[PDB]
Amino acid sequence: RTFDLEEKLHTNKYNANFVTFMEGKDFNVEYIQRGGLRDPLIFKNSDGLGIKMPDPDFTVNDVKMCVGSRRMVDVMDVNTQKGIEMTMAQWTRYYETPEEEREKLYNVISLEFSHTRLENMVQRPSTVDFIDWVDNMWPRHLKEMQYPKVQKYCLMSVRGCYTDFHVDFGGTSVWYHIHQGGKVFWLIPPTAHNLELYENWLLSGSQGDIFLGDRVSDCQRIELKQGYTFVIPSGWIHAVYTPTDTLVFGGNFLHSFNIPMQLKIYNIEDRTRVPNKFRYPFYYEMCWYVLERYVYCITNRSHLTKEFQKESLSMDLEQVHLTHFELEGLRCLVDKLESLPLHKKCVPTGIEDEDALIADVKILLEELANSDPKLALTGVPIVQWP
């Protein structure tokens, strides 16, 4: 902590214009097919989004219950890092310690609660339910851990905590709803140039002597108030600061319209030697399912084992025009997966022949090469009914 955060919080120089303000109603799948979720969005009203949030007088304490006290939570010491020593019990008591009495500066930005009752209490925007790689790609009988359980998040921050510049794991995109309080964001776009600066910055030790926002040409500091829903696209480098005690509900997802950046970031994580602890769980296994789903949804030719096919069929019994976004995306998924050394192709377990799959994708990618953008804008993803 060499640079003055206060300065970075009050100078009016991060005036870039990256964020697009819109109405939740306008946020549908045709929008994603049209823009490819390349812009960070802010919805002042939750109207049209299809989200559901607890009675707003909900408090951290109300959270220490639903999840479960004595339920170890990863808590970071915004003055250095880690200290996940505590559970909700110790934490809740910390949240309510008047600022001055407050000894440490703690932040909880990892509580993933889909396990707890809190789940059916919180609901993400329906558009995100349409493109989420998990709900839509991973075999459903495996989520009814052997499935990426990194979907719903509950961040709880105190006045003063600051999360330094980073790009969310796996190049995931993220949605946040400020339930109580507010947050200040510094946004930097995944410009090839910026993404280089950022990687070199993580190698030099992410010094903390340099404010990354000052290293780039254009940065936008945004302010999220109570009630806003925030969407950050895959790849963006951002830093966050909690001006006051805030409670946020959100999540990190993967979709099929910005696959190249998603892989772009995984490879940064690979070169930056990020510990396998903080890696998106089952990244490549997921990728294999994405392809198998595409081939099956477009071609009706399944590539899962008979067993898996049976479950998918049981559960149920209870041409096509792609955007360039997906065509270029599938291309990367194919090339990426092929450049993986044999022992580490992480072929999921529900897949018969990966080669037959890969062969079928390459053929699929050439037959569909000429897709009409207009005709592609179907308003609904081709991969549906997980």
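For every residue, the number given is its place in the sequence shown, counted from 1.
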- Message: Counting only residues that lack coordinates, how big is the gap in the deposited sequence between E318 and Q319? Pick none, 1 to 3, 4 to 9 or 10 or more.
- Response: 10 or more
- Task: Using what the record says, work out whether there is a hole in the model between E144 and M145 and how many deposited residues it spans (none, 1 to 3, 4 to 9, 10 or more).
- Result: 10 or more
- Query: So 2-10 or 375-383, which one's hotter by mean CA B-factor in the entry?
  - Reply: 2-10
- Which is higher in the entry, the mean Cα B factor of 22-30 or that of 320-328? 22-30
- Message: Quiz for you: based on the deposited Cα B-factor, which of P348, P40, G35, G68 is highest?
- Response: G68
- Message: In terms of recorded Cα temperature factor, pick the maximum from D245, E103, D132, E292.
- Response: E103
- Task: For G205, return the chain-relative third of its C-alpha B-factor as stated in the PDB record: lowest, middle or highest.
- Result: highest
- Note on the structure: Entry-reported C-alpha B-factor of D360 relative to its chain, by third, is lowest
- Message: Please place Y266 in the lowest, middle or highest third of its chain according to the CA B-factor in the PDB entry.
- Response: lowest
- Can you tell me which third, lowest, middle or highest, the CA B-factor of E85 falls into for its chain? highest
- Query: Relative to the other modelled residues in the chain, which third contains the C-alpha temperature factor of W186: lowest, middle or highest?
  - Reply: lowest
